[PDB]
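So the structure is just underneath, and the comments pick up after that.
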Amino acid sequence: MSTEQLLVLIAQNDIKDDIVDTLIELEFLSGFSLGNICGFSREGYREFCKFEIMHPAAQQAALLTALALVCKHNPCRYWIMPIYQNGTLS
Amino acid sequence: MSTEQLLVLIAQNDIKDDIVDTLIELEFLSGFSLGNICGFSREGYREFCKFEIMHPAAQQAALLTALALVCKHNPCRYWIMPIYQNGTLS
Amino acid sequence: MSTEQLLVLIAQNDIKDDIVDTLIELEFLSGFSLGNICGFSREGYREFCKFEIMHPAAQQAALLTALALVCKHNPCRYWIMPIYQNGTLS
């Protein structure tokens with residue numbers, strides 16, 4: 001397995017920019033992605049922003065505590081998945 | 001590793017609602033997400049609905065057998081991925 | 001764990017077709033998916049095509065070297081994730 005892992009975060013559309021701002025400032029991040037998804041929960045549903053953030057496992061706390069700040073008032077579901085391998089094809 | 005795992009299901013647009021109906025009724029599920037994706041296969045291609053459903057590993061059978069019903073006549077590709085961790089940031 | 005694993009590839013919109021062409025020709029692949037995502041990096045951002053390709057771990061090299069060709073001039077981020085299980089519900 002890998003020291004890299006993927007953080008997936010289901011964020012409300014309003015804290016979207018605040019999240020982007022946080023991430024761009026984190027030096028241990030080489031980049032991230034974001035897409036629109038439809039989300040259900042308890043039921044009621046709606047539209048969110050889905051962020052995917054590859055990061056070193058060693059910086060997991062740093063990453064989650066940083067994001068936990070932007071969500072002070074807007075809870076965000078998240079999950080972390082293992083990555084076997086990552087890189088760049090060329 | 002985790003007792004939580006992610007079910008990813010590539011469903012045809014017509015059984016989309018039937019799937020939503022099944023999921024909302026499953027008590028061991030706290031919520032789910034769905035998005036539009038383009039899917040290829042054997043080649044011919046098209047547009048599907050991609051569901052992502054976090055659930056306890058212990059309820060995997062319950063979840064798949066329940067969904068297997070709605071797909072009686074519309075086969076759906078799926079895969080299950082491990083989750084190291086999940087929760088809610090605030 | 002599984003001998004199947006998921007390749008996730010963040011491709012530029014211009015080599016999108018070239019990638020599709022490569023994949024459709026690979027016999028060990030039963031199908032793949034692709035969706036639009038917004039991607040950041042170092043920061044500057046933009047829109048990409050996100051491919052997800054389930055494949056046997058045994059054919060990982062074959063898959064990456066084949067794709068590495070289409071990206072000769074357009075680098076593409078990628079990652080490989082484990083799959084516990086996969087199939088088709090019906």
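Chain labels run A, B, ... following the order of the structure tokens; each chain numbers its residues from 1, and ligands are numbered from 1 in the order shown.
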
Would you kindly report the residues of chain C within 6 Å of chain B, using only C-alpha atoms, as a list in words?
-> residues 31, 32, 33, 34, 35, 83, 84, 85, 86, 87, 88, 89 and 90 of chain C

Keeping C-alpha atoms for every residue in the selection just given, could you write it to a file as an mmCIF file, in the first residue's frame?
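Just written: part-v9.cif:
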```
data_model
loop_
_atom_site.group_PDB
_atom_site.id
_atom_site.type_symbol
_atom_site.label_atom_id
_atom_site.label_comp_id
_atom_site.auth_asym_id
_atom_site.auth_seq_id
_atom_site.Cartn_x
_atom_site.Cartn_y
_atom_site.Cartn_z
ATOM 1 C CA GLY C 31 -15.311 -1.186 -20.083
ATOM 2 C CA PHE C 32 -14.454 2.243 -18.568
ATOM 3 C CA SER C 33 -16.028 5.485 -17.502
ATOM 4 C CA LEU C 34 -15.332 9.137 -17.980
ATOM 5 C CA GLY C 35 -16.557 12.365 -16.542
ATOM 6 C CA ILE C 83 -11.047 -2.629 -5.149
ATOM 7 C CA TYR C 84 -12.328 -5.173 -2.652
ATOM 8 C CA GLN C 85 -14.884 -6.465 -5.018
ATOM 9 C CA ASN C 86 -16.541 -5.881 -8.348
ATOM 10 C CA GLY C 87 -19.217 -7.219 -10.645
ATOM 11 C CA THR C 88 -22.669 -6.890 -11.984
ATOM 12 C CA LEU C 89 -25.938 -6.804 -10.191
ATOM 13 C CA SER C 90 -29.008 -8.283 -11.808
#
```

Please provide as a list in words all residues within 12 Å of residue A:27, with the sequence filter that same-chain residues fewer than 2 positions apart are discarded (counting only C-alpha atoms).
->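 The contact residues come out as residues 22, 23, 24, 25, 29, 30, 31, 55, 56, 59, 62 and 63 of chain A; 41, 42 and 43 of chain C.
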
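Every residue of chain C with a DSSP assignment of helix (DSSP H, G or I), taken from the backbone, is listed as residues 16, 17, 18, 19, 20, 21, 22, 23, 57, 58, 59, 60, 61, 62, 63, 64, 65, 66, 67, 68, 69 and 70 of chain C.
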
Emit the selected residues as a short mmCIF file (atom, residue, chain, number, x, y, z; two decimals), in the first residue's frame, including C-alpha atoms.
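New file selection.cif:
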```cif
data_model
loop_
_atom_site.label_atom_id
_atom_site.label_comp_id
_atom_site.auth_asym_id
_atom_site.auth_seq_id
_atom_site.Cartn_x
_atom_site.Cartn_y
_atom_site.Cartn_z
CA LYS C 16 -9.47 12.67 -24.54
CA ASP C 17 -10.30 10.89 -27.80
CA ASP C 18 -6.81 9.48 -28.13
CA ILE C 19 -7.19 7.98 -24.69
CA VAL C 20 -10.58 6.51 -25.56
CA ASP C 21 -9.04 4.99 -28.65
CA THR C 22 -6.30 3.34 -26.68
CA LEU C 23 -8.60 1.91 -24.07
CA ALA C 57 -3.48 -5.67 -11.35
CA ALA C 58 -1.56 -8.08 -13.57
CA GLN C 59 -2.08 -5.79 -16.58
CA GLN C 60 -1.22 -2.57 -14.79
CA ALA C 61 2.06 -2.07 -16.72
CA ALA C 62 0.44 -2.86 -20.03
CA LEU C 63 -2.24 -0.26 -19.24
CA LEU C 64 0.02 2.51 -18.03
CA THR C 65 2.68 2.10 -20.74
CA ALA C 66 -0.13 2.17 -23.38
CA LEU C 67 -1.56 5.38 -21.92
CA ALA C 68 1.91 6.82 -21.41
CA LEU C 69 2.12 6.88 -25.19
CA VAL C 70 -0.95 9.04 -25.76
#
```

Per-residue DSSP, chain B, filtered to strand (DSSP E or B), as a PyMOL selection string = chain B and resi 4-12+31-41+44-56+76-82+85-89

To one decimal place, how far is atom CA of residue C:12 from atom CA of residue A:54 in Å?
-> 18.4 Å
